[PDB]
Amino acid sequence: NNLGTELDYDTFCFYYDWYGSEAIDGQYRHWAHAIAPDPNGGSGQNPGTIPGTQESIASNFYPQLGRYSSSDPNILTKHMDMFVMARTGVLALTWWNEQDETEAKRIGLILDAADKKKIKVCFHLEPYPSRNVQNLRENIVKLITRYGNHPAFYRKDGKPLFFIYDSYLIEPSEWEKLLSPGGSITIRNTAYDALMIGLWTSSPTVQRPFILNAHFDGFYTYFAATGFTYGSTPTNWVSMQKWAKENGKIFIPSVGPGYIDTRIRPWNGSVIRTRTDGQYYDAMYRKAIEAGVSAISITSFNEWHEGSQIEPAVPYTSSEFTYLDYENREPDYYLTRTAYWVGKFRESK
Ligand SMILES: OC[C@H]1C[C@@H]2N[C@@H]2[C@@H](O[C@H]2O[C@H](CO)[C@@H](O)[C@H](O)[C@H]2O)[C@@H]1O
């Protein structure tokens, strides 16, 4: 078919599976959340908590689906239909190495729901405690062993793909052991080889040698807030793509519709980026496409704490908070606008 409605399998949408309900999980997990102290605000802060009641959740926005469980198969069905509306072919799943049966069950439910709609799943490896290249190798082996034969498990040209959040927390000399073909614990030329996409943060003088010396296959930028880092400044993307092409690396810039996290980080207002009825999203997605990249990542499907979500949100005013909403646009506007941009990306590819 040539309908301009099919999924794009070079479009990755960052997905969070950490939401709970009392009924399914025993607690409205993540809808309830600690308020972060001000890192510049001195001693004796008791910033408190957001209780995750219907009236008071840990977001400046409010989900159309309410305080949902990430383990609810009926919610997962609805999320996969939203990925189909957005034309986002890859769900990039946050992964925290919880080593608990509830994580294992939830990952299997997500893979099962994804496959019914031809959506693919890859893992976004988070900075879990004592993360190092040896336990990363063990965890890559475990994820490929457990999920590699699942029909929804993502591959690009025969290789799994992992995003590595805060990859700079690990020295290039350690990465080399995992990611150089000669490394002491290499995955290259093994059953467990993968495209490893590291997080480009700061200036080229730091990041270029880091990416080369660590033997990453590519890099992404994550942050939805323009200008937060060098990497999340879209005017740098043409030059970052030029360097990527010259050095055989895959650049996957991250685009988002806005940013606001002041319910959980009240001191962080300088990072707010206003959605302006979709104009912010349009500008950032246009910059990614114009850079001439092979793949794009979206921050985020559902990081509700950071206000980067494309998941439908509804107007809500409670006795405790007046939520932001998608203003002059309908709740599914960011899903249908994502589909528009996926079409422009494919026209460019
Ligand atoms: O997926 C990458 C990051 C996306 C988002 N900034 C958060 C990071 O997680 C931290 O902050 C969360 C609240 O926004 C908090 O719930 C979590 O426990 C933190 O690790 C992600 O690492």
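What counts and how
- In this document, every chain is numbered from 1 following its sequence as written, which may not correspond to the numbering used in the entry; residues for which no coordinates exist are not shown.
- Where side-chain values are given, they derive from all heavy atoms of the structure, hydrogens and water being excluded.
- Residues with missing side-chain atoms are left out of burial classes, side-chain pairs and their counts.
- The near set for a molecule or strand comprises every residue that places at least one heavy atom within 4 Å of it.
- What qualifies as a polar contact is a pair of N or O atoms within 3.5 Å, subject to a donor-acceptor requirement within protein and to the restriction that residues adjacent in sequence count only when both atoms come from side chains.
- Here, Shrake-Rupley sampling with a 1.4 Å probe gives the accessible areas, and only protein chains in the shown set may cover a residue.
- Polar here means any residue other than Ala, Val, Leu, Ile, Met, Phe, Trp, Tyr, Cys and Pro, which are nonpolar, and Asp, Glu, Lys and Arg, which are charged; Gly is therefore polar.
- Inter-axis angles, ranging from 0 to 180 degrees, are taken between N-to-C directions of lines fitted to C-alpha atoms, where helices are fitted over the stretch in contact.
- Each helix is a run of DSSP H or I of at least 4 residues and each strand a run of E of at least 2, with the numbering of both proceeding from the N terminus.
- Each angle receives one of four descriptions, namely roughly parallel if under 35 degrees, roughly antiparallel if over 145, roughly perpendicular if within 65 to 115, and oblique otherwise.
- Helix crossings are classified by the rotation of the near helix relative to the far one: an anticlockwise turn of less than a right angle makes the crossing left-handed, while a clockwise turn makes it right-handed.
- The contact criterion used is simple: two residues touch if any of their non-hydrogen atoms lie within 4.5 Å.
- Two aromatic rings from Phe, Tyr or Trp, using only the six-membered ring of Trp, form a pair when their centres are within 6.5 Å; if the ring planes differ by under 30 degrees the pair is stacked, by over 60 it is edge-to-face, and anything between is tilted.
- For the exposure calls, accessible area comes from a 1.4 Å probe over protein chains only, and a residue counts as buried if that area is under 20% of its type's maximum, exposed if over 50%, partly exposed in between.
- Criterion for a charge above a ring: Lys NZ or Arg CZ within 6 Å of the ring centre, and within 35 degrees of the ring normal.
- Strand pairing is assigned whenever DSSP detects at least two bridges linking the two strands.
- Only buried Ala, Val, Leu, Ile, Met, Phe, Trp, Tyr and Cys residues count toward a nonpolar core, and they belong to the same one when joined by side-chain atoms within 4.5 Å.

Deposited coordinates in this entry are attributed by the record to X-ray crystallography, at a stated resolution of 1.27 Å.

What should I look at first to understand the site of the ligand in this one?
Taken together, 14 residues are adjacent to the ligand, and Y16, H33, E126, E303 and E306 come closest. The separation between an oxygen atom of the ligand and a polar side-chain atom of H33 is 2.8 Å. Within the side chain of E306, a nitrogen or oxygen atom sits 2.6 Å from a nitrogen atom of the ligand. Burial of the ligand by the protein amounts to 78% of the accessible area it has alone, namely 470 Å². Partitioned by chemical class, the residues of the shell around the ligand number 6 nonpolar, 4 polar and 4 charged.

Would you mind going over the packing of helix α8 (residues 279–290) against helix α9 (residues 333–348) with me for this structure?
Packed helix pairs are characterised by how far apart their axes lie and by the angle those axes make with each other. Relative orientation of the contacting elements α8 and α9 amounts to 20°, with a least axis distance of 10 Å. Viewed along their axes, α8 and α9 adopt a mutual orientation that is roughly parallel. α8 and α9 meet at a crossing whose hand is right-handed. Note on element contacts: α9 touches α8 through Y333, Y334, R337, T338, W341, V342, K344, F345 and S348, opposite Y281, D282, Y285, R286 and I289. Of the residues that constitute the contact of α8 with α9, the class distribution is 8 nonpolar, 2 polar and 4 charged.

Looking at this structure, how should I read the packing of aromatic side chains?
Taken as a whole and assessed by the stated rule, the structure comprises 38 aromatic pairs. With centroids separated by 6.5 Å and ring planes inclined at 70°, the aromatic side chains of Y165 and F223 adopt a geometry described as edge-to-face. Taken together, the residues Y165 in the loop between β6 (161–164) and α5 (172–179) and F223 in the loop between β8 (218–220) and α7 (237–246) connect sequence positions 58 residues apart. Each member of the pair, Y165 together with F223, is buried. Taken together, the ring pairs in this structure connect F12, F14, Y154, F163, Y165, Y220, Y222, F223 and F228 into an aromatic cluster. The ring of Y28 carries the charged tip of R67 above its face, separated from the ring centre by 3.7 Å. Sitting over the face of the ring of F61, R275 holds its NZ or CZ atom 4.9 Å from the ring centroid.

Help me understand the pairing of strand β4 (residues 88–95), please; the structure alone is not making it clear to me.
Regular strands place their side chains on alternate faces of the sheet. Taking burial as the measure, the 8 residues of β4 include 8 buried ones, the bulk of the element. Relative to β4, strand β1 (residues 8–15) runs parallel, the two sharing 5 bridges. Bridge pairing in β4 places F12 opposite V90. Strand direction decides the pairing type here: β4 and strand β5 (residues 120–125), joined by 6 bridges, are parallel.

Which parts of the structure should I look at to understand the nonpolar core?
Side chains of nonpolar character tend, in soluble globular proteins, to be buried together. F123, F162, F163, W175 and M196 are the most contacted members of the largest nonpolar core, which totals 99 residues. The contact partners of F162, leaving out residues within four places of it in the chain, are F123, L125, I140, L143, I144, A194, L195, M196 and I197.

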